[PDB]
Amino acid sequence: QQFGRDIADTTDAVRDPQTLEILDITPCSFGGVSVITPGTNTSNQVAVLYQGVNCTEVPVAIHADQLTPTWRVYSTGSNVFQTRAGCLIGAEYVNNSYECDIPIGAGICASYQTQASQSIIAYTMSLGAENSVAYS
Amino acid sequence: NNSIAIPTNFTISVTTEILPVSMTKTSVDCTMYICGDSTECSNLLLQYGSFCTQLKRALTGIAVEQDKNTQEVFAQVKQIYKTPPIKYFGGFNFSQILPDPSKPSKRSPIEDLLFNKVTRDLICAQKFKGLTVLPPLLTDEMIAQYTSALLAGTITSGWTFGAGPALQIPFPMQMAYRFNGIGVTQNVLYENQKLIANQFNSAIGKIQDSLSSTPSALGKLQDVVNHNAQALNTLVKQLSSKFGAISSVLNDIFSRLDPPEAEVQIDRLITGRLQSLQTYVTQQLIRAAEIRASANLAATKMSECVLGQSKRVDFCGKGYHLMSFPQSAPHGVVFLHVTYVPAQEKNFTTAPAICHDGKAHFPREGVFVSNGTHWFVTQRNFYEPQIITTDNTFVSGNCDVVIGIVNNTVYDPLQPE
Amino acid sequence: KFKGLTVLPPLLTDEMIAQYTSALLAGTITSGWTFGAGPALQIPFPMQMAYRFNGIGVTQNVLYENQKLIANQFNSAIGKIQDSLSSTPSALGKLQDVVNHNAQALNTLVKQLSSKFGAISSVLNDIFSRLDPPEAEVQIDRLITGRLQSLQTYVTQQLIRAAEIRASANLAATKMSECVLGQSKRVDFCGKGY
Amino acid sequence: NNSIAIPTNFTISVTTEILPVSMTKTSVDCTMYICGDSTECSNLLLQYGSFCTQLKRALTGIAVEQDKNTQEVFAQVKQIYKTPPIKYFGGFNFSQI
Ligand SMILES: *[C@@H]1O[C@H](CO)[C@@H](O[C@@H]2O[C@H](CO)[C@@H](O)[C@H](O)[C@H]2NC(C)=O)[C@H](O)[C@H]1NC(C)=O
Ligand SMILES: *[C@@H]1O[C@H](CO)[C@@H](O[C@@H]2O[C@H](CO)[C@@H](O)[C@H](O)[C@H]2NC(C)=O)[C@H](O)[C@H]1NC(C)=O
Ligand SMILES: *[C@@H]1O[C@H](CO)[C@@H](O[C@@H]2O[C@H](CO)[C@@H](O)[C@H](O)[C@H]2NC(C)=O)[C@H](O)[C@H]1NC(C)=O
Ligand SMILES: *[C@@H]1O[C@H](CO)[C@@H](O[C@@H]2O[C@H](CO)[C@@H](O)[C@H](O)[C@H]2NC(C)=O)[C@H](O)[C@H]1NC(C)=O
Ligand SMILES: *[C@@H]1O[C@H](CO)[C@@H](O[C@@H]2O[C@H](CO)[C@@H](O)[C@H](O)[C@H]2NC(C)=O)[C@H](O)[C@H]1NC(C)=O
Ligand SMILES: *[C@@H]1O[C@H](CO)[C@@H](O)[C@H](O)[C@H]1NC(C)=O
Ligand SMILES: *[C@@H]1O[C@H](CO)[C@@H](O)[C@H](O)[C@H]1NC(C)=O
Ligand SMILES: *[C@@H]1O[C@H](CO)[C@@H](O)[C@H](O)[C@H]1NC(C)=O
Ligand SMILES: *[C@@H]1O[C@H](CO)[C@@H](O)[C@H](O)[C@H]1NC(C)=O
Ligand SMILES: *[C@@H]1O[C@H](CO)[C@@H](O)[C@H](O)[C@H]1NC(C)=O
């Protein structure tokens, strides 16, 4: 058996012609990039969500050739938070909960809030104000 | 002409309505699907305009639509109501529908059953072809918190929290309100409170067994998941089509042919793959419209069945609607409709009016019934025979006009005193 | 059919749908609302109509004192229904339109079998005979992709019209529940008036 | 400020509402529609792959949906109630319906 194909008839494994050593072919690391912006009127600050990857494994490219976005400055930055949607770089996670402003996913939202330089923060969205009805 | 069937008993019936509210949010990397690792194919695809951008825009609209659907169905209430620590509620047992603190998810037993029922790997193979799944904005725990808040509001405040501030009411009095809503007097409930509570508890217990026993009970949800997965698989399989080219592999076409011949073959492959993507996106839009209609129905049922008592027939279950309970399910909602069903009907002789003196008397709120020798006035949905008096009847005209009028005495309460 | 487009029979025969309508209407006459919400409870029809008068805010004595007049009005209106259906060509147009759409769409599909789609001919055998097999295959695949596009367009439009028909049928089922199995207080949901 | 209109009479009005519940159920053959009698075209058709699997699946879904629509509209009641032999009904005439 010289090689193997996946469902889409794409080669996913191959036998080396010289060494006859079996090799799996996995496509190079790829993913979606989402830019959370408060609005260019409000600010030029942004946050970057790398979707469906742990940011142990976010682009750590040190040369422009190694990875397609040539903007490395928003990778492995000071503000790094892991979500189930992806890992978000450039927004500080706060334990406070607010009404959703910019949806990120898995219950995490982002907002541009003052805290006193105003910056992008990430938080768990607030479902509402808790109440207890005085049942008797 | 003169026979009426009056129910002498009732059944508290709990039924389940299962409604999809959201579908899987999918994203397609258009370049990675049309041109996996061929940069030449990517440069050629740049010449096809805004096809990929339009597909991305449509899929993003679908995903935002799914989040909006879930928000409309479950985020109706802005207060996260909590059930009281003492769960008595007049003998009505809500443990199967109330959140269970022992479970880490804070999910009810029925909801836990619902979540259990709905279900290289296919995910990895699809991802390697540019097809990925975006997580929903609201977690399953957040949707469970919405359902728990809705249940707590319904149990502690009736329908008041739906129309404004939550107003505490004892649950037996709320269910008496609901019997008034279905046309049955409060005394029927207060006199039969233990029986009604036991019937409700037994029906709620049978709900879990009915959901467990039938594999296809939640099929309406599962089908939605299936309808997504198959579609994605179809897309992946459409990457094996040559579309009239020498090969389905872009790299083989480029390696084997000079630029003029390769262009004719890569054009065929790119056109076929773009057609496959357009077909997928169009069918996703149609399915998203169907899911939006389903979620709009679910939101309407949340408003009119859970946040109130509906007089619409069969909108909130089979029978006379009393109240409803929401339960979160994977990509959907299950409404437990508690309804009142008349039972143990009995035949009686009936007359449109009673002729007393020269006056015709009509029942103010009920029916004139006869067991064979004596005439009573009873409420329509329950047999509670009462003596015909001037209090429970009103007078209109002479006896001649009414067809079917029967002679009988109308007792005057004040005359003895 | 000879071009590959066939029509499948509906699962319910028109006789079975007639039996459903007969059962629903007999239940409405004999039992009023009761069969909709549970066991069918016998009610004399004048008393059911008096209930329905109470539902709209009118007392029972109004119906009982005017029973003959109300019955005559109902009989006259039902008599006028058949004439009104006869007179207006568009009275059932909403039905006919649906049929027309289906019937028209199929013809379009059939007509798309007479389109060259840029090739020399719309007949496959003529293209194969009049061209070299490598040259002929290009035109044949052009015809094939054109016919696949026609089929996909037909299926997409059928999906959209099926969504519209599903919305209409959901509305019809809601009207069966709320207008036939009950008395509705929703304004204009079950006709003009109370 | 002080004037009301009170009805002194009534009309029993019967109106019609027409609602389509189902459409014609159609099935399509790619093999015959695309390639009427050409086995050569039939063999060429497999190159395009799963288009007709998808099309047949969609049409079958529509066809099942039509029967589901008819069930939803007309099969609401599971008891086939039978009208009484004697059709008096208090002077109301239902012979037309
Ligand atoms: C109304 O129906 C209920 C059942 O839903 C009757 O209660 C049952 O009565 C039988 C015999 O009397 C007992 O064996 C059951 O244990 C009872 N069940 C419950 C839940 O109470 C009730 O008696 C009926 N009422 C009338 C007036 O007929
Ligand atoms: C409410 O109902 C639940 C079950 O639906 C009751 O829990 C059961 O209690 C019995 C006896 O106490 C046990 O034998 C079962 O094993 C329990 N089942 C579960 C799932 O807990 C509960 O006791 C009821 N609450 C009240 C106040 O009666
Ligand atoms: C119809 O109902 C009346 C009233 O309940 C019955 O008359 C009563 O019968 C009981 C005996 O079963 C006596 O103790 C009461 O004094 C009677 N009341 C009156 C006002 O006479 C009557 O027997 C019932 N008839 C039938 C056929 O059930
Ligand atoms: C209410 O309207 C009905 C007609 O819809 C009236 O009935 C008419 O009465 C007149 C005089 O009694 C007769 O000449 C007509 O033949 C009747 N028409 C029908 C269709 O029966 C009825 O009189 C009106 N009532 C009031 C109080 O005005
Ligand atoms: C119910 O209405 C039908 C018509 O819809 C009546 O049948 C008509 O009766 C008259 C006189 O007997 C005839 O001139 C017509 O030709 C009949 N038409 C039809 C279609 O049968 C029927 O008599 C009415 N029922 C009652 C009890 O009056
Ligand atoms: C983070 O990524 C690492 C690297 O593969 C993985 O081992 C780990 O499970 C990830 N953590 C989470 C919470 O996903
Ligand atoms: C009473 O019912 C019988 C049979 O249902 C019917 O023949 C008779 O006409 C009815 N009474 C009157 C006054 O019409
Ligand atoms: C009422 O009487 C009819 C005829 O006598 C009978 O068929 C029916 O079963 C009776 N219903 C009840 C509830 O007794
Ligand atoms: C009882 O009804 C009959 C039927 O018309 C009537 O003749 C009689 O006068 C009535 N009895 C009264 C009014 O005491
Ligand atoms: C009565 O109506 C007139 C004109 O419509 C208005 O000016 C007047 O204020 C009304 N009556 C009262 C008490 O306001």
Side-chain angles (χ1 to χ4, degrees), chain A residues 24 26-34 48-61 66-67 74-93 95 104-108 122-124, chain B residues 1-2 104-105 120-121 123-125 127-128 132-137 139-142 349-363 368-370 372-377 387-390 393-412 415, chain C residues 44 46-47 61 64-65 67-68, chain D residues 1-5 90-91:
Chain A
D24 271 330
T26 298
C28 303
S29 179
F30 64 94
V33 177
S34 294
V48 182
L49 175 83
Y50 294 93
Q51 305 172 169
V53 302
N54 218 353
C55 64
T56 64
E57 307 149 328
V58 162
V60 293
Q66 312 276 40
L67 187 135
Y74 274 88
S75 296
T76 77
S78 176
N79 291 322
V80 173
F81 175 56
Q82 173 61 27
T83 64
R84 292 188 296 272
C87 183
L88 183 66
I89 309 178
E92 183 178 1
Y93 184 76
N95 291 344
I104 297 169
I108 297 89
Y123 50 87
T124 298
Chain B
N1 309 322
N2 58 4
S105 61
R120 263 169 218 151
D121 186 37
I123 301 299
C124 302
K127 180 179 74 174
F128 288 164
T132 189
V133 163
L134 309 163
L137 176 60
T139 71
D140 285 345
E141 289 65 44
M142 286 175 177
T349 301
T350 191
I354 294 299
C355 178
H356 182 59
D357 299 356
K359 298 183 291 294
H361 307 252
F362 302 84
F368 288 139
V369 289
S370 191
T373 61
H374 286 81
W375 279 94
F376 303 109
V377 65
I387 301 299
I388 303 169
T389 74
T390 67
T393 59
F394 69 92
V395 176
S396 170
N398 296 115
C399 308
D400 63 325
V401 177
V402 185
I403 309 164
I405 189 159
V406 162
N407 291 319
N408 207 75
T409 182
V410 172
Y411 165 82
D412 184 26
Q415 194 155 2
Chain C
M47 293 177 70
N61 68 287
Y64 287 127
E65 299 175 325
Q67 189 181 325
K68 185 193 181 178
Chain D
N1 291 319
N2 67 97
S3 192
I4 198 159

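Just so you know, these numbers use all the heavy atoms, side chains as well, and skip hydrogens, waters and symmetry mates. Letters A, B, ... mirror the listed sequences (proteins, then strands); counts begin at 1. Read the numbers this way: they start at 1 and go in the same order the structure lists the ligands and their atoms.
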key: Atom indices of ligand 10 within 4.0 angstrom of D:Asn1 heavy atoms, with elements   = 1 (C), 2 (O), 3 (C), 8 (C), 10 (C), 11 (N)

message = If you count every heavy atom of other residues, nucleotides or ligands that lies below 6.0 Å from A:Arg84 atom CZ, does the total exceed 12?
response = no

inquiry  = Within the 4.0 Å heavy-atom shell around B:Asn407, which atoms of ligand 9 are there?
reply    = 1 (C), 2 (O), 3 (C), 8 (C), 10 (C), 11 (N), 12 (C), 13 (C)

ask   = Taking side chain as C-beta onward, heavy atoms only, is B:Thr393 less than 4.5 Å from B:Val410?
value = yes

message = If I compare all heavy atoms of C:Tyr64 with all of B:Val402, which pair ends up nearest, and what's the gap?
response = CB-CG1, 4.1 Å

message = For B:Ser396 and C:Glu65, which I'm curious about, is there any donor-acceptor pair between the side chains at under 3.5 Å?
response = yes

request  = Could you check if a side-chain atom of A:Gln51 sits within less than 4.5 angstrom of a side-chain atom of A:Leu49, using non-hydrogen atoms only?
outcome  = yes

Are any protein N/O atoms closer than 3.5 Å to the N/O atoms of ligand 6? If there are, list each pair with names and the distance to one decimal place.
residue  : atom   : partner : partner atom : Å
ligand 6 : 2 (O)  : A:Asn54 : ND2          : 2.5
ligand 6 : 2 (O)  : A:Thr56 : OG1          : 3.0
ligand 6 : 5 (O)  : A:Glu57 : OE2          : 2.8
ligand 6 : 11 (N) : A:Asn54 : ND2          : 2.8

ask   = Side chains of A:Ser75 and A:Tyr50: is there a donor and an acceptor less than 3.5 Å apart?
value = yes

query = What is the ring orientation for A:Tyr93 with A:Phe81, classed by angle as parallel under 30°, tilted 30 to 60°, or perpendicular over 60°?
reply = parallel

